[PDB]
Amino acid sequence: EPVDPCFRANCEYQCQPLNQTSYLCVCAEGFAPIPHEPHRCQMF
């Protein structure tokens with residue numbers, strides 16, 4: 001999208017309404033979501 005990925009729960013790639021223990025905003029394809037944060041990543 002040309003305006004924030006999901007625009008709502010602050011994301012950086014895809015959207016997952018309640019990603020297990022989060023709130024929308026997943027990681028991506030080649031990105032390991034830090035343990036203390038899934039919507040964010042640090043590149044594998």
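- Listed under the method field of the entry is solution NMR.

Things to note about the overall build of the protein
Then step 1. Within the protein one finds zero helices and zero strands.
Then step 2. Projected onto its principal axes, the C-alpha positions of the protein cover 25 × 20 × 15 Å.
Then step 3. Pairs at least 24 apart in sequence give 3% of the contacts found in the protein among residues at least 6 apart.

With respect to the nonpolar core
Then step 1. Counting residues in hydrophobic clusters, the biggest one holds five residues: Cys-6, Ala-9, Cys-11, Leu-24 and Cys-25.
Then step 2. Contacts of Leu-24, omitting those with residues within four sequence positions, involve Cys-6, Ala-9, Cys-11, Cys-15, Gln-16, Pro-17, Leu-18, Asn-19 and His-39.

Re the environment of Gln-16
Then step 1. On the accessibility criterion, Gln-16 (35% relative accessible area) is partly exposed.
Then step 2. Setting aside residues no more than four positions away along its own chain, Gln-16 makes contact with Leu-24, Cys-25 and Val-26.

Some details on the state of the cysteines
Then step 1. For the coordinates displayed, the defined rule picks out three disulfides.
Then step 2. Through a disulfide, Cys-6 is tied to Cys-15; the S-S separation comes to 2.0 Å. Residues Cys-6 and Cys-15 share a disulfide whose torsion about the S-S bond is about -95°; that sign makes it left-handed.
Then step 3. Judged by its relative accessible area of 16%, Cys-6 is buried.

Each value, and the rule that gives it
- Each chain carries its own residue count, beginning from 1 and running in the order its sequence is written; this scheme need not agree with the entry numbering, and residues with no coordinates do not appear.
- Side-chain figures throughout are based on the complete set of non-hydrogen atoms in the structure, without hydrogens or water.
- Working definition: helices are DSSP H or I runs of at least four residues, strands are E runs of at least two. Numbering for both runs from the N terminus.
- Note on definitions: a residue-residue contact is assigned when non-hydrogen atoms from the two residues lie within 4.5 Å.
- Put simply, a nonpolar core is a bunch of buried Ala, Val, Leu, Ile, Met, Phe, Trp, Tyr and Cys residues held in one set by side-chain atoms that sit within 4.5 Å of each other.
- Any residue under 20% of the maximum accessible area for its type is buried, any over 50% is exposed, and the rest in between are partly exposed; the area is computed with a 1.4 Å probe on protein chains only.
- A pair of sulfur atoms, both from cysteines and within 2.5 Å, is called a disulfide here.

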